[PDB]
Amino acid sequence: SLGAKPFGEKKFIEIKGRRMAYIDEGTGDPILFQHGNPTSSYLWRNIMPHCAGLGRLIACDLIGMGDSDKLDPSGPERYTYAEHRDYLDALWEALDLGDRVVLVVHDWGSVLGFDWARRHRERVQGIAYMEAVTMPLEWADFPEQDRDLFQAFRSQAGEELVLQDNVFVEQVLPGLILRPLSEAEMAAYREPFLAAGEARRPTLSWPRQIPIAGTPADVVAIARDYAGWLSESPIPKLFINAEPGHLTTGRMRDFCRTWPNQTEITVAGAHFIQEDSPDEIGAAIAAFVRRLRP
């Protein structure tokens, strides 16, 4: 069902001298849910219950997000993809995930998860993905109506929009969810970002890192690498397509539809589809995991 309550209990662990927060419920092989910008483990709260008893259910809060520590001193050079990956790699190592992991990914969680899967392919049992960065983008691949805003994030205007005015949390987020969010739901999304200034830096560093028209080159190369790999990998896949969808449409979707050994369903949603169709998404993930784990 829908609902504003988080799933399970937040746990904390020290990583590179910082505390990171995560949900870790149940036993067995992990089903690892990764949020992106500007969300947290909270994104998965109505989806994870569908996988009850099917494995160890894990959702990590990226550094500087959710209940994870902020980086200090924060600034325009902090919270790059590379820095997030250092923290998340270390957290995932610390969690003792074993060698039959099912990844469930979204948004920046997909860049992180697809890249981790490429690097740890022997340990990946299945990959479920939705509204994901399936390959590097060209501007034509970025949803037309949001181009100007994201171009502004990727300019000097970004600090005012995001650090001062919290545009990613307050405008982009509800703008890409089809149903109205409750007061409690927005409170949960707002909480890590209540203070103006550097507390909000992760939500600006993220759009600045999106691999678009060759920039930034490091993230482009990472996405190029995992795009080639996923297009050939026999690892079972679940593609949760969205209508109307947002990012994973057009050529982005044409491309991921070429990936081997893949099941697809379509659910209602734009970008943050977990808030529109959580039960349809959860049901599909659970069915996928049941087939992977007979």
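Residue indices: 1-based, along the sequence shown.
- Taking the mean C-alpha B-factor of each stretch as recorded, 66 to 74 and 247 to 255 are not equal, and the higher mean is that of 66 to 74.
- Once the C-alpha B-factors are averaged per stretch, 206 to 214 and 139 to 147 rank with 139 to 147 first.
- In the deposited coordinates, the residue among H106, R201, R100, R179 with the greatest CA B-factor is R179.
- Residue-level temperature factors show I47 in the middle third of its chain, judged at the C-alpha atom.
- Looking at the C-alpha B-factors along this chain, the one for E159 belongs to the middle third.
- Split the chain's modelled residues into thirds by C-alpha temperature factor. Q262 is in the middle one.
- Among all modelled residues in its chain, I58 ranks in the middle third by Cα B-factor.
- Sort the modelled residues of the chain by CA B factor and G36 lands in the lowest third.
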